[PDB]
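Notes follow the structure.
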Amino acid sequence: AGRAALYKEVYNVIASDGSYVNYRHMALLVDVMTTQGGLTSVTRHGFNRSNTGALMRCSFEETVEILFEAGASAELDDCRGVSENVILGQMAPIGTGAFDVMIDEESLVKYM
Amino acid sequence: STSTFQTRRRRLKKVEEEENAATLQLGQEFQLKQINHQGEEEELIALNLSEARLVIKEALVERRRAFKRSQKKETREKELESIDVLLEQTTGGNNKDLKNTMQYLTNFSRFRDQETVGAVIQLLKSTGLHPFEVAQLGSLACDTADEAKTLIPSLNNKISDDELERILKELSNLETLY
Amino acid sequence: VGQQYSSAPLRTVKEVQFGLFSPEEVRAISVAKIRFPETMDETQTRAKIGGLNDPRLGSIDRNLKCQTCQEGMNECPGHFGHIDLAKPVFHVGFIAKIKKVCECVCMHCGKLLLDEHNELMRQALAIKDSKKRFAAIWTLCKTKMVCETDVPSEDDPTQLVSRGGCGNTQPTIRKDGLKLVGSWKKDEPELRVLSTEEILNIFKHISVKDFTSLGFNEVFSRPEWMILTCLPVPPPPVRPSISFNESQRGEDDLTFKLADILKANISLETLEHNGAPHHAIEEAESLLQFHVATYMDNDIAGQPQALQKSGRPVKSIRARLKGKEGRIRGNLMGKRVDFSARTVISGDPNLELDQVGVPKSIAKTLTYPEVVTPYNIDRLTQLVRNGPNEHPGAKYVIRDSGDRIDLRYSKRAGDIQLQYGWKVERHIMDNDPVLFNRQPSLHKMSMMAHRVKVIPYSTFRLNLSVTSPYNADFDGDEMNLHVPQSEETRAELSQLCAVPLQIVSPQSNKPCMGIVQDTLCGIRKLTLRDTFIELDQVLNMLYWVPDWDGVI
Amino acid sequence: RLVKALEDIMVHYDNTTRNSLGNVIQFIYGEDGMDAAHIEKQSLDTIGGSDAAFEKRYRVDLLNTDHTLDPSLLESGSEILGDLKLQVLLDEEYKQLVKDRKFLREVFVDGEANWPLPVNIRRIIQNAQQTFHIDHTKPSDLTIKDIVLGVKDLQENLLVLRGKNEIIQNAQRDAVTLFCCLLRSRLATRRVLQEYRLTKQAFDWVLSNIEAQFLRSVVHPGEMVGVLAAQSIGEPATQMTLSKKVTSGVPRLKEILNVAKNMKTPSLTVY
Amino acid sequence: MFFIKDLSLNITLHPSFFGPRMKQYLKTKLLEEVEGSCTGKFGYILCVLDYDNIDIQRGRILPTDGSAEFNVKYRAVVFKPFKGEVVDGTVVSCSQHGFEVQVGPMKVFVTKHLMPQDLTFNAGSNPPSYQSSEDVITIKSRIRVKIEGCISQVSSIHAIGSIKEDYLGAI
Amino acid sequence: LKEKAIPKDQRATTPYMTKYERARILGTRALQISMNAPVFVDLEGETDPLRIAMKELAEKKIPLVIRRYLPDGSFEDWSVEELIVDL
Amino acid sequence: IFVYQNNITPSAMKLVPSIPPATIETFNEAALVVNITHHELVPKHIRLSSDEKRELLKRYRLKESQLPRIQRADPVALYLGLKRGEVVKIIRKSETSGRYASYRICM
Amino acid sequence: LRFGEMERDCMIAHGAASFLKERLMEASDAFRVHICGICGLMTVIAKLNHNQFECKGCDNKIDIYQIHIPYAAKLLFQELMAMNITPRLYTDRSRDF
DNA sequence: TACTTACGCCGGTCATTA
DNA sequence: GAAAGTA
RNA sequence: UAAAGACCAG
Ligand SMILES: [Mg+2]
Ligand SMILES: [Zn+2]
Ligand SMILES: [Zn+2]
Ligand SMILES: [Zn+2]
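Top to bottom, those sequences are chains A, B, C, D, E, F, G and H. PDB author numbering puts the first residue of the first sequence at 1343, with every later residue one more than the last. Residue numbers 4 to 76, 117 to 221, in PDB author numbering, belong to the letters of the second sequence in order. Residue numbers 2 to 188, 196 to 560, in PDB author numbering, belong to the letters of the third sequence in order. Residue numbers 840 to 1081, 1091 to 1119, in PDB author numbering, belong to the letters of the fourth sequence in order. PDB author numbering puts the first residue of the fifth sequence at 1, with every later residue one more than the last. PDB author numbering puts the first residue of the sixth sequence at 69, with every later residue one more than the last. PDB author numbering puts the first residue of the seventh sequence at 109, with every later residue one more than the last. PDB author numbering puts the first residue of the eighth sequence at 1128, with every later residue one more than the last.
Have a look at this one:
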């Protein structure tokens, strides 16, 4: 029910203004604030304090303590996050990168 | 470099590479338990000379064959001749290694017939010794059980002197003449 | 990038394994000892003393030297060095943890304060979550202030079971600047400052299984490591100097703070080897901790900003990464880039929706590396001859042999016989897809791909209906343009972010571009029943429509 | 924050919407798997109106002289009157349409009948019509089965998820529930004949598009919906030129996103 | 000793070679890069086996440039030497410091001091020799050696061997 | 593991090629033709790689395979051929 | 299920996790005056057999951490007396699709 | 000009994966350091020339790779090191999943 | 129960400096 | 300067 | 070349 209100509410701030937002955007927000169990906030206190990798997290609010608390509890960032790859300068797993591209040698002869 | 079928996760502490000796302690990349191309345990493949003379020869030949399907659209002193040709027709030519190995192999092979070389194998194989030994025993001409157990220390308590003495006898026979 | 071939296999990074540096590693990895606090002058002679910055570390001078490595300035990354502190010191960042870890383990013996024997503890010890677990284990152990010898087993509370033992009451520790002070109690308290050596040692004795329980790691980060012993010296590339000609200084901020740490260090040691008026040596030790603490974080609670003679606070390393304008957020999440251009915009009712008029001046600067293919050898050769100053032209030829011919000087510019596989950096030409954008960029739409149309005059010309999306007027707004440099990059621009593609937006399931100003106010009138058009005109109005089937 | 908070969320190759941990944030993107840019505000007729009017529209009684498809509308008019087997399907239909009407009034308690859904079915038909030059004068040549069975069959093709197992399959039926009510709403035997004089050809066409069009509307695995939503909410917060008195606008959203405790206006409504 | 080891290389092909007979170009590259190679990890790579079935697998198209990256799995015949491996070969070089015996692709060196003493060096002879109460060792002479130690060097492996123990020496 | 390569049938993704897969195939393919890679169509006039690329895709003569990752690491392969190119 | 009127002693409520397997719940009368599950906003939940659950995870290739979580002390979680691990299936009406499947695992 | 944070978020929105990597790398930083296959450090004393590689301290010369990361990051790393923190970079994964 | 801590929207020119 | 999370 | 500051554009 919480999630129900949290949305009704966000929806009404954009409603008063007289603008429109397709339900999905507000929803995806509202659901994120909700999955973990309660009311994680879009705050240095809530969201950025999860399991997402060090490098990601450190690119918002507490940059250095996050990197320290990291080498100290020897975390491991697997790099599934956009930010991880941006920092590393590699193609992130986004749209054009959500998949790989293979040369099929077989079909490369069917054609000739 | 060329990655081999074993992925030991080297987490920082990279230090423990033991002494490589015929205590049968060979590299990690040479244990009894190997892992096959298709991911299945396969026991170490050790070759005694001559047997490796055939292996190489065979492939070097089979290769020359396919090399022409695409071009569509005996006697010691004599083989060092016949082989030196096959090489210059299926090898990089600069492979001084393969050339040398082929000569060495040809000049020191103890069995020249894929049949004889199979006998040797069957014979030895019943011992249960480790591939390294079964290979050495095969490529080192030994008379007394002592000469053997001395050049192949790994043995010593693995097979009786008489037993190993029998096998050594059987080998001197199969020992293709020249 | 990096340049010059390397036989080394090239892979991508898949995992970042964070951890702390063990003093024994630093020594290993180091390539220079570093004893002297000076920088150079082998007795005023300009070079570099085997003391600080390059006693074999990186380099300076566009002087290939660098312990064989050579390569020179660009290519040689840094080479770390070390500096054997004279006494163990904290690490500003971990003072909080060191404190809390002590409160969790008893001193003198070095063992947890709540075995599996205690219940509530067990609960915590089960908590899989390095961080939340240590979090709990503490709340339980901070309170426990005696290294019990025997605890009533999980049976009868009368017979007490044996565990480790050493009653030694545990001192309630507290923080004073960069020191941890504890007050024991037995029978008034007994106040004494816990030494680094002291705490470092307790830790060195904390059981491997006990780190772990307390969110640590046997291989990558044991508590004892939060106490610096051997200090890693970052190489020139990290703290480059500034050479104004020959006879002039230039040392970086960090290079000074190391010299300080090095000085304050030499000081101490030479005291423990001489008249050691003990409780006066400790006067000099606190100093070392001040710098080694300050060199990292220099915005601590106990104020003393550690100012550089000139009032300036001295950029702590931490300072360098703190968000916005700072490394992570200013140099990686976003950065200044090449192949970009910006200038005043102005509407033009004669450009198709998806084009963008580009001033020739700008088209002659931004280029695109096209590769000599039989498909274009001819064209490209034409552009090259054409030179870098005429428009339809180019300004750089690059042969396989990594080396670029500067078409505006190479004594052979008029010459040059291209070669398949070669690369010609040519001028932006009509239709090169480009990224056009106006800030603040809060829309996918604030950045869209356009077709280039080189035109005269100095303004970016853009179609009106595309106005809103960017949210631009022509009262002086400027807009920036980015030219994709690779064949697939453009493909990504043209196939995914072209203006036409962005017309109907998810933002609110409706089009985000319509007809405006003149055309709008005017389309109404044209429409009104009253409004009739007579032949002479109608004929023009018809001709203007570029598609018209030519059927009055 | 909205952005940094959702960066890593995108629709994966399985239609699930996960973050950079593989944690599910929505099982199917937007509760329907449809891409926002492919949706228009259509109206679910069934919802409103009097039970009376609803009947006069969707009801077809082949067993009643006064309530059958007049033989003018259909070509198999007279020979269908009184067919007990056809009136079995023709019922099944009306009993579903009514089911829907209930279900919609359940979902949209309000009665509000205009909601954005993929495939603009009205236009698809508008074209059908003056594409084939259909004259509201002649009789169609649709079997009562043609209509009923086609529509029933079409739905089998509006695929959002493609698992070959029961869990997924249920998921599939769910994600399509509302679209279908819309579909049956507009492809009811009475309508397809009395309203839009669709001919067998036209019908076979409309059906074909609705399908393609639908399929095109499904979201593409890749779509970084995270940032998209962040910006879609964030952007209009910038355009906010700021019982009635209650915190509102920017200051209010700031309240919400922060999940702040004490709020300026903490009212509560009792019915 | 001599083994048959299952290995694997990784070749990056330019897009130019995205021909109809690509597999053939890959296989040939493999051969250039492996046959004759030498590591300490695997030893001397000598002959790639079973040519006709060298597994090619699908290549990954590298993102920035258009090359494809292939992980070629082959199987070859290698020769890694060890301490205590008794092996016999032919002498090649011979000086006042000892003689160099050639075993396979490799070379084992015998130190005058790892030979029995009775066996002394003879400079005044040609080709230079080492003689004993009954033996005589020179360039051509076959010898059975005992490898005391190896030293992996760039593109090769060397070792030092003795013939002072029993059953070693000339044959 | 490759215990992760979901067998051909049992594949459950989309029959259709996503916008990115196509944007990315056309780009990659251009990038290769642009590099003197062998072309698989009659470049009837054509001289621009993206143009050529589009043509190849049109006659489904692009020898590439899209490897689609599922959040767990398992993956399904699809041929630029199989893939329905509505888009 | 023990329904107390005003409250129990921390002494008493400290003898609950004492008779395993059997479990014990405790509700305050005031908390039950109104059934919350009858609320406009509260969607119907559903416990899943450890089979129904193991399936769910198979058909979405999930681990447990990748599932939306419900709190042990969650009002409805109590109503159904959930347990750490038990998965609930929430079914709510959608303005986008009519019905929406949603799972929540327990904390 | 600055392709800043917000501009980055847009390319992400578009799903223009490559173009993003292009701005950040080819069109700005992009450096080529050599990593050690054991410790994820940037220690490799590579002398691309005499083909020698080495990593005394880990004692290597064999397990070594090269990578392409934005120089600004090469800095970030050497800096986390100066602060005694180790950002080990690894070419393959372990944790699986 | 009172004390401690992170943070802040997204290009251009001129002046001065231990 | 305001608001939220520890000794 | 690098800081810190003032002023100013949309
Ligand atoms: Mg303006
Ligand atoms: Zn160097
Ligand atoms: Zn103790
Ligand atoms: Zn190393």
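The beta carbon of each residue, even a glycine, is placed where N, CA and C say it ideally should be.
Any non-hydrogen atom of ligand 3 closer than 7 Å to residue i Cβ
i, result
"residue 217(C)", "no"
"residue 143(C)", "no"
"residue 167(C)", "yes"
For residue j and residue i, the rounded distance between their alpha carbons
i, j, result
"residue 89(C)", "residue 25(B)", "48 Å"
"residue 1018(D)", "residue 153(F)", "24 Å"
"residue 56(C)", "residue 71(C)", "15 Å"
"residue 61(C)", "residue 244(C)", "8 Å"
"residue 129(B)", "residue 53(E)", "20 Å"
"residue 214(B)", "residue 130(E)", "32 Å"
"residue 22(C)", "residue 1213(H)", "6 Å"
"residue 544(C)", "residue 406(C)", "57 Å"
"residue 139(B)", "residue 423(C)", "46 Å"
"residue 1437(A)", "residue 1454(A)", "32 Å"
"residue 1447(A)", "residue 115(F)", "25 Å"
Unbroken alpha helix (DSSP H) run spanning residue i, endpoints
i, result
"residue 195(C)", "Between 188 and 196 in chain C the model has nothing, and residue 195(C) is one of the residues in that span."
"residue 262(C)", "261 to 280"
"residue 130(B)", "119 to 130"
Residue i beta carbon near ligand 2 (any heavy atom closer than 7 Å)
i, result
"residue 869(D)", "no"
"residue 59(C)", "yes"
Unbroken beta strand (DSSP E) run spanning residue i, endpoints
i, result
"residue 458(C)", "455 to 463"
"residue 44(B)", "44 to 46"
"residue 180(G)", "No beta strand (DSSP E) contains residue 180(G), which DSSP labels as neither H nor E."
"residue 93(E)", "86 to 95"
"residue 7(E)", "3 to 13"
"residue 181(B)", "It is not in any beta strand (DSSP E) - residue 181(B) instead sits in the alpha helix (DSSP H) that spans 174 to 182."
"residue 1194(H)", "1191 to 1196"
With 16 other Cβ atoms within 10 Å as the buried cut-off, status of residue i
i, result
"residue 1224(H)", "exposed"
"residue 430(C)", "buried"
"residue 105(C)", "buried"
Heavy atom of ligand 4 within 7 Å of residue i beta-carbon
i, result
"residue 1184(H)", "yes"
"residue 1166(H)", "yes"
Any non-hydrogen atom of ligand 1 within 7 Å of residue i CB
i, result
"residue 480(C)", "yes"
Exercise for review: Quick one: which unbroken alpha helix (DSSP H) runs of 4-plus residues sit fully inside the segment 934 to 1021 of chain D? Chain order, please.
Suggested key: 960 to 971 and 983 to 993
Point to revise | Within the segment 850 to 891 of chain D, ranges of the alpha helix (DSSP H) (whole runs, at least 4 residues) | key: none
Point to revise | Inside the segment 1358 to 1406 of chain A only - alpha helix (DSSP H) runs reaching at least 4 residues | key: DSSP runs (the alpha helix (DSSP H)) wholly in the segment 1358 to 1406 of chain A: 1365 to 1377 and 1396 to 1399.
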